[PDB]
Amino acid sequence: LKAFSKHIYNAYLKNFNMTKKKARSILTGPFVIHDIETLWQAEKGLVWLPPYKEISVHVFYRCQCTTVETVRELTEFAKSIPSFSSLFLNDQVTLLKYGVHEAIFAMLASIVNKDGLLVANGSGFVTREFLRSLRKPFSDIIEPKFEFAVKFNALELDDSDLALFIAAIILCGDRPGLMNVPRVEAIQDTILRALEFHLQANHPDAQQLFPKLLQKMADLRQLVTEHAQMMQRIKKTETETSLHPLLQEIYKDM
């Protein structure tokens, strides 16, 4: 269990290009993108796909590049978890399908602060204000991740906690159309039971931390649901803006 927990931690450290440790250090605990000018400045070099069109739509496409890229890292992370690799690829896909966004928003907390978040592997900092100035459609689907992040960061988890927490979110028996539910619920339980002992060791004086995170997991489920509805409104009202094919397959039935 303590060994299983370390194993999950190593899979996390090996598969993610950005850990919270780094994130918090960079954010002192990076080019500031706060308007059209600075974002253009960032796109050229200081920092850094479909043809342009407008600021709000261009930032949405960056969210997509980022999320798809994180989905690739979550796939390798899960695959680096022996039990998960045992399931038939179909169940592996079902789990990733319904869990990556929940996992992405939990991890977004690592690179977020009351004022904004980092982008392009820590090189840039996009202000929450700027993101707020965007067109209503896009500005409102972004804001809630912040509200959840700030609150999430107050629990002060480290990469070791997050590794277990993220594995738990992915290995969930609830997901639509899962084939081997028992097997899955069993892997999660083992994960949760290891998180249980890990927190007691890592955060000795934090009371109620564990049941607090289970609630955070339920919270993430509601955050994604609302994210998905907003994603549906964008596919319906934003005729000119596209959506990466991989993201159309996830929101296919969500």
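All residue numbers are counted from 1 along the displayed sequence.
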property: Size class of the missing deposited segment between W48 and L49; result: 4 to 9
property: Size class of the missing deposited segment between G29 and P30; result: 4 to 9
property: Higher-B stretch (mean Cα B-factor, as the entry records it), 159-167 or 135-143; result: 135-143
property: Of 236-244 and 7-15, the stretch whose C-alpha atoms average the higher B-factor in the entry; result: 236-244
property: Given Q229, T190, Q41, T66, the residue at which the Cα B factor reaches its maximum; result: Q41
property: Peak C-alpha temperature factor (PDB record), options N121, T94, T75, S110; result: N121
property: Assigned third (lowest, middle, highest) for the C-alpha B factor of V126; result: middle
property: For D115, the third of its chain into which the C-alpha B factor falls; result: middle
property: Relative C-alpha B-factor of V224, binned into the chain's lowest, middle or highest third; result: lowest
property: Within-chain third of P82 by Cα B-factor, per the entry; result: highest
property: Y52 - which third its CA temperature factor falls in, relative to the rest of the chain; result: highest
